[PDB]
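J.: Chains as they are written, first to last, in the authors' numbering: chain B, 22 to 299; chain C, 10 to 336; chain A, 2 to 303; chain D, 6 to 333. All residues carry an ideal CB built from backbone N, CA and C; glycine is no exception. Let me give you the structure first, and then I'll get to my questions.
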Amino acid sequence: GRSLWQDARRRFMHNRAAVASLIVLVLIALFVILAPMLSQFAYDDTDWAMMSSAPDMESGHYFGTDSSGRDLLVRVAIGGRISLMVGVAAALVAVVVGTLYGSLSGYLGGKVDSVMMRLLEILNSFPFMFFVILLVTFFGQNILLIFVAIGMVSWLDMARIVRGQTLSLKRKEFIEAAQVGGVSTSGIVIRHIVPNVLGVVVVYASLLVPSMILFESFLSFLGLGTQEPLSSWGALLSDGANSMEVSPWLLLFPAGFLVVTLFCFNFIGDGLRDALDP
Amino acid sequence: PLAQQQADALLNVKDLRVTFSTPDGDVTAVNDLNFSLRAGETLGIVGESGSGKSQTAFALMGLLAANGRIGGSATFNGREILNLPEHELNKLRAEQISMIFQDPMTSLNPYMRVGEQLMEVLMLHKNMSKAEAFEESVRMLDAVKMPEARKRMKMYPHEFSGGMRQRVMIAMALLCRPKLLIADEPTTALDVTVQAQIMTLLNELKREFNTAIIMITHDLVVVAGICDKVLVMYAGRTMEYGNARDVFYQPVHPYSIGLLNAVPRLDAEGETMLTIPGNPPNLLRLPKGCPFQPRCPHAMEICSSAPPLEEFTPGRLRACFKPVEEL
Amino acid sequence: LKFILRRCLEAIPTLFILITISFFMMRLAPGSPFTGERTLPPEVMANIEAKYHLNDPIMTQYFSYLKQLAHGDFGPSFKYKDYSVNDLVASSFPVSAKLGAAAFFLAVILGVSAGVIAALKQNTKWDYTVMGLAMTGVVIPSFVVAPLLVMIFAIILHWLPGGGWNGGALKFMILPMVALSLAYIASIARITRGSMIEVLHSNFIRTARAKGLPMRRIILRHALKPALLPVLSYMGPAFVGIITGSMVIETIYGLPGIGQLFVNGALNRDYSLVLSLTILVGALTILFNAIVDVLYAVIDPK
Amino acid sequence: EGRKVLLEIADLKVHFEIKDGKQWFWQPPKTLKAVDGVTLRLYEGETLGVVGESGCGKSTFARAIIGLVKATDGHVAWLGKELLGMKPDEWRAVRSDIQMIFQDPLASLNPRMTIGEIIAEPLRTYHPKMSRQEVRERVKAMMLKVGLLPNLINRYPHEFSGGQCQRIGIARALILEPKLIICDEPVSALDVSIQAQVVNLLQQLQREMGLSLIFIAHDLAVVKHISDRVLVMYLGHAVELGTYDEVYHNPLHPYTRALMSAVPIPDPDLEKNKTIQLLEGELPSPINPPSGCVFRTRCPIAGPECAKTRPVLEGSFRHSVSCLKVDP
Ligand code: SF4
Ligand code: SF4
């Protein structure tokens, strides 16, 4: 039979952009995983013979060197670990909080829906980047604080779309028919609402990860963010923006991996959008 | 005879073919359709979903989807309508031809006062001032039996019930006094009393303005009020054509018989409705030859070929291989 | 009428909740002068203790902060010696206002123009270029666009200056304005196109065509109002996005605006200046989103 | 004397709160009086047709019997036990006997489930100890009864032609062997030939299993074929109630005279020759029904007494009316 998620699989594989993207994104994951382990040089190591050099294939500094005499290939990989791990962690927090708020707001009906959707519209009018900078400067730049702070400000549109989907399903007929069939409230949620809410959750989670990579990379470009022993792609870009007159590769390598990664997730998200909701 | 009905026509449609370029392959939603109409006549184009009847109306108007393609001909007062450029077709679209639509809720623009939605017809087609256009719009709303017409002009269409929105649509379509009105399922969204009012209104306005009407519906019961000539369609193909009296009292094609038996009645009691068996037609992988073959009670091996649209009794068309006396 | 009142009665307590969380978040933080560490230079502490009663009960110190905001005084900086926070806002606000207003008008004008020209010409080269550029602008971050524009036009070609404002002359404003607006030109164009396509396929535009109206009148009178209402709803986020993006743009190009002032405050741990500007930018956004939703409720007849 | 009384309804009301953005935030909600003062009894082996204009509350009346909407006042009783005061668990004992068929063919079916699971979901819920084999055999037998081919068991509801979806809905209602099935516009969405298939099927299943039906529809002519008694409704009131001969051939209430003369007839020489009655003015909003008799703004034979008091159903089992100015 035409199992609807296997039609979604077929649509995703037909969308050549999305499959291409996934390949690319896995090759970036393999670089971010393996490059610090396969490298001749470490993240904190120095070679004063090459205080700042362009790429040279006989040297082994294949991306060139930062002005401390320090290897950019290893640093672009280690910083990619931080940006992807913060981005996925923040997305998980935003997906859990947004699904819980949206599903309760949509399922408990009009009384609660009215106030909970008013709060989203009010809260969406705060300067959340200023509010995360205010938390981070007053409480001190811990990477666990940045996971949670980026997540806790970015669940609002996730809650709005999961509310819309849940309220639509609560109005649909096959939920009335499940109640008439004697199915319990837990059965209606677990077997009838969750499988149909799950489509919106997977699409918006995939579209949210790149916004969290961007939010971290912004918050680490200004300073702030993560400190030197744990520098992300945004922290490499600010050292690059200063160095750009003499050694422009310090922008172009971090910028390439960040732009490519954000591109990739956008086409995977649009591939899932197309696949799960024609 | 049909040789005369081809000559004295207001509208004369020959071999009209409508095809949609959908990803599953070309779907021919209207298939070599032939008919003609005169001033004051009503043509009831009748059929279920997949009959293509709504696409015939949009093909004459040029209101098809982007992926649609039109072939054949439609002669109208000696001009030809089909595939005209928009800048010339807009010269017919309300001054001589006109249309009303299936959903009255979304057809009016919700962001505009109803009086301006009427007046924009007159100021473009009859070169009226904004002063003349208001008073003629008010006279047309009164002819359409709108209450307190002057007060209604300043309302946005969300202030109105679905029956009043069809009255606004009819006032807007008839404003120029057309030659032809095309009516895509006008009452399907509306209650039985509002339907009886709007059909009584169209049956009076047809006589005052001398319009012809193309009435598109699934309801044979509504066709019996306004109609003079019936055109039964299945899977985009003509199944029967003739006078309304003839088609309702001596239906000659099996699908016409099955449909007029499946339509429920108040006037006589009975044990069961004599329904047509099987599912509604799919235009993708539609059976070759006669489209009614998987449902027909009289099916024969010759029906694997396409039946000719022949005439038997002067003024009617048959589209079927069974001898005309054996039904 | 009733809508204006409902927005005002929601906006006022919204701003008071933001002031309340942001004050107690400073007053309970480590290193904050109110905790008593008194590591700051004596000349700065002499300014702090003249406006804040550091010994008083927690509640009394909150009401005295609301009193200062009610008289329009943000209090002294916790790192600058001779400069008040009001002084620092006054020297930096017009630099943010001129760049932000230019980037916002450029985002609306080019964004709506491109989006209409992508909904018309629906499947031509003109859509595939506009929705290509509207992918590129949303995905490439502003802090990657801005250094690349310095690299191309200031380092490589020498056509434009990479440095800060000589008094706001256009040659120093043009690269900041483009870098700040591209992320929003793209996003407005995407929203405008999607709205305009849903409108051009509507049953009311089908009825406008059925009246034989010329396409000029169908676009300008029938379609444009329903197409732009989703863009007006977007003006709220666009305002936040431009005041947000001003932090990276003012930091890269070296502009003395409220974004640079906020970031330098946050790096230096000036709790007063960071708290201050958050309440200011919050109030501007709460007010602007009320003005947008009121204008939407005046344009929309439903 | 007579057949068993299966369901009794007396003084039933369903009022919904409405607080639209046009009110001030300070003001009380208005009441949408969706149903107000329905009173009837339904016998075993009987089809009651419920019919009316949009906004008559016939769909909310259906939903109030089976418990999808909370009634504000009155009594409903099944086989002698009251329904409206019931706790959320003891409804399961009653829903073994009372089941439902719905407006929209595709929406009625969970799009992530196969036919076999959709028809099995009641049976699995009421008989947890029954084997996978017994459940599959029960479902295949019921599919063959509604006219679906048994090998369609593993297909998903988007693979089906709409008329087949109401056959799945009927199979799901019948899998428990119920005693009342409520049909909320079961044939509104379907093509005219397919409507007659689903109505013949319901009428066969009524005769074959011994069911009663409550059949809710917009088309008066469909209701006449399947029903034994018809309840005519207007703005949540019961206006007329009687057997299918009396309500169509001897209508006494002015709204039924208007409705039955507005019904279109599939005969050119009758439809052009009938004595049409016509009603003055629009349907009043159910957010503020007129005081007294609710038909008073449209009625051809109105009088000042109809503002002072509200009519209630009076008459015999054969025919009863809610009017001050006619008597059977
Ligand atoms: S042509 Fe053949 S299949 Fe078609 S209606 Fe006649 S008898 Fe039936
Ligand atoms: S009670 Fe009066 S107003 Fe109501 S239907 Fe009878 S005559 Fe008309």
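Please check the pair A68 (chain C) and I79 (chain C), which I expect to be a contact at CB under 8 Å, by giving their CB distance rounded to whole angstroms.
T.: Contact flag correct, Cβ pair sits at about 5 Å.
J.: When Cβ atoms are compared, which residues of the segment 189 to 206 of chain D fall closer than 8 Å to chain C?
T.: Cβ contacts with chain C: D196, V197, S198, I199, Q200, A201, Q202, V204, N205.
J.: Excluding five sequence neighbours on each side, which residues of the same chain lie with their C-beta closer than 7 Å to the C-beta of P10 (chain C)?
T.: These residues qualify, in order along the chain: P323, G324.
J.: Does the segment 45 to 61 of chain C touch the segment 223 to 243 of chain C, meaning 3 or more C-beta pairs lie closer than 8 Å?
T.: At 8 Å Cβ cutoff, the stretches touch.
J.: By how many angstroms is the C-alpha of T115 (chain C) removed from the C-alpha of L155 (chain B)?
T.: Distance between the alpha carbons of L155 (chain B) and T115 (chain C): 48 Å.
J.: May I ask you to verify whether the segment 98 to 107 of chain D touches the segment 172 to 180 of chain D, counting CB pairs closer than 8 Å and requiring at least 3?
T.: Yes: the two stretches touch, three or more of their Cβ pairs being nearer than 8 Å.
J.: For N156 (chain D), count the other beta carbons within 10 Å of its own beta carbon; 16 or more makes it buried, fewer makes it exposed. Which is it?
T.: That one is exposed.
J.: Hey, which residues come within less than 7 Å of ligand 1, measuring from Cβ to any heavy atom, in chain order?
T.: For ligand 1, the selected residues are C:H262, C:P263, C:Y264, C:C299, C:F301, C:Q302, C:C305, C:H307, C:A308, C:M309, C:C312, C:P316, C:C329, C:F330, C:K331.
J.: Taking Cβ to Cβ, would you say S64 (chain D) is nearer than 8 Å to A198 (chain B)?
T.: Contact flag unset, no.
J.: For the segment 194 to 218 of chain A, which residues have a beta carbon sitting closer than 9 Å to at least one beta carbon of chain C?
T.: Of all residues in the segment 194 to 218 of chain A, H202, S203, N204, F205, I206, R207, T208, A209, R210, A211, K212, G213, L214, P215, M216, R218 have a Cβ within less than 9 Å of some Cβ in chain C.
J.: At a threshold of 7 Å, does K330 (chain D) count as lining ligand 2 (C-beta to nearest heavy atom)?
T.: Flag set: Cβ of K330 (chain D) near ligand 2.
J.: Flag this pair as yes or no: are the beta carbons of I49 (chain A) and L111 (chain A) separated by less than 8 Å?
T.: For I49 (chain A) and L111 (chain A), no; Cβs fall outside 8 Å.
J.: What residues of chain D sit near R8 (chain A), judged by a beta carbon separation below 8 Å?
T.: Within chain D, no residue comes near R8 (chain A); the closest Cβ sits about 12 Å away, beyond 8 Å.
J.: Mark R212 (chain D) as exposed unless 16 or more other C-beta atoms lie within 10 angstroms of its C-beta, in which case mark it buried.
T.: Answer is exposed; the Cβ neighbour count stays below 16.
J.: Residues in its own chain within less than 7 Å of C285 (chain B) by CB, not counting five upstream and five downstream?
T.: Only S42, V45, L46 meet the Cβ criterion.
J.: In terms of residue numbering, what span does the alpha helix (DSSP H) encompassing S114 (chain A) cover?
T.: Its alpha helix (DSSP H) spans residues 86 to 120.
J.: Who are the Cβ neighbours of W166 (chain A) in its own chain at under 8 Å, not counting the five residues just before and after it?
T.: The answer, listed in chain order, is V96, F173, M174, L256, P257.
J.: Does ligand 2 have a heavy atom nearer than 7 Å to the CB of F300 (chain D)?
T.: The answer is yes for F300 (chain D).
J.: Anything in chain A within Cβ reach of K100 (chain C), meaning under 8 Å, just list it in chain order.
T.: Under the 8 Å cutoff, chain A gives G213.
J.: Could you list the residues in the segment 261 to 286 of chain B with a C-beta less than 8 Å from some C-beta on chain A, going in chain order?
T.: Result list: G261, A262, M265, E266, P269, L272, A276, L279, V280, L283, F284.
J.: If you compare alpha carbons, which of B:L240, B:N217, B:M173, B:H213 is closest to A112 (chain B)?
T.: Among B:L240, B:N217, B:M173, B:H213, the Cα nearest to that of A112 (chain B) is on B:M173.
J.: Just confirm the distance between the C-beta atoms of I49 (chain B) and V281 (chain B), as a whole number of angstroms; I'd bet it's less than 8 Å.
T.: Yes, they are in contact, since the Cβ atoms of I49 (chain B) and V281 (chain B) sit about 7 Å apart, within 8 Å.
J.: Rounded to the nearest angstrom, what separates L19 (chain C) and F218 (chain C) at their Cα positions?
T.: Distance between the alpha carbons of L19 (chain C) and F218 (chain C) is about 15 Å.
J.: Closer than 8 Å, CB to CB, is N86 (chain C) near chain A or not?
T.: No, no contact with chain A.
J.: On the criterion of 16 or more Cβ atoms from any shown chain inside 10 Å, does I311 (chain C) qualify as buried, or is it exposed?
T.: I311 (chain C) comes out exposed.
J.: Count the other CB atoms within 10 Å of the CB of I23 (chain D); is the residue buried (16 or more) or exposed (fewer)?
T.: Exposed: under 16 other Cβ atoms inside 10 Å.
J.: Just checking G286 (chain D) against ligand 2 - is the residue's beta carbon closer than 7 Å to any of the ligand's heavy atoms?
T.: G286 (chain D): no, Cβ never under 7 Å from ligand 2.
J.: Taking only beta-carbon positions, decide if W83 (chain D) is within less than 8 Å of chain A.
T.: It does not; no Cβ of chain A falls within 8 Å.
J.: Please confirm whether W270 (chain B) and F33 (chain B) have their CB atoms less than 8 Å apart.
T.: No; because the gap between Cβ atoms is not below 8 Å, this pair is not in contact.
J.: Residues of chain B with a CB under 8 Å from the CB of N124 (chain A): which are they?
T.: Correct list: empty, because the minimum Cβ distance to chain B is about 17 Å.
J.: With a CB to CB cut of under 8 Å and the five nearest residues on each side skipped, what residues in its chain are close to residue 333 (chain A)?
T.: The question about residue 333 (chain A) has no answer, for chain A in this structure spans 2 to 303.
J.: Could you spell out the range, first to last residue, of the alpha helix (DSSP H) harbouring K68 (chain A)?
T.: 59 to 71 is the span of the alpha helix (DSSP H), which, as asked, contains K68 (chain A).
J.: Taking only three categories from DSSP, how would you classify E95 (chain C)?
T.: Three-state DSSP puts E95 (chain C) in a helix.
J.: Quick one: residues in its chain with C-beta nearer than 8 Å to the C-beta of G108 (chain B), no 5 flanking neighbours on either side, listed in chain order?
T.: For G108 (chain B), where only same-chain residues beyond five positions count, the Cβ hits under 8 Å are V230, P231, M233, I234, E237.
J.: Three or more C-beta pairs under 8 Å: does that hold for the segment 46 to 56 of chain D against the segment 217 to 227 of chain D?
T.: The segment 46 to 56 of chain D is in contact with the segment 217 to 227 of chain D.
J.: Would the segment 153 to 171 of chain A and the segment 111 to 124 of chain A be scored as touching if the rule is three or more Cβ pairs under 8 Å?
T.: Touching, no.
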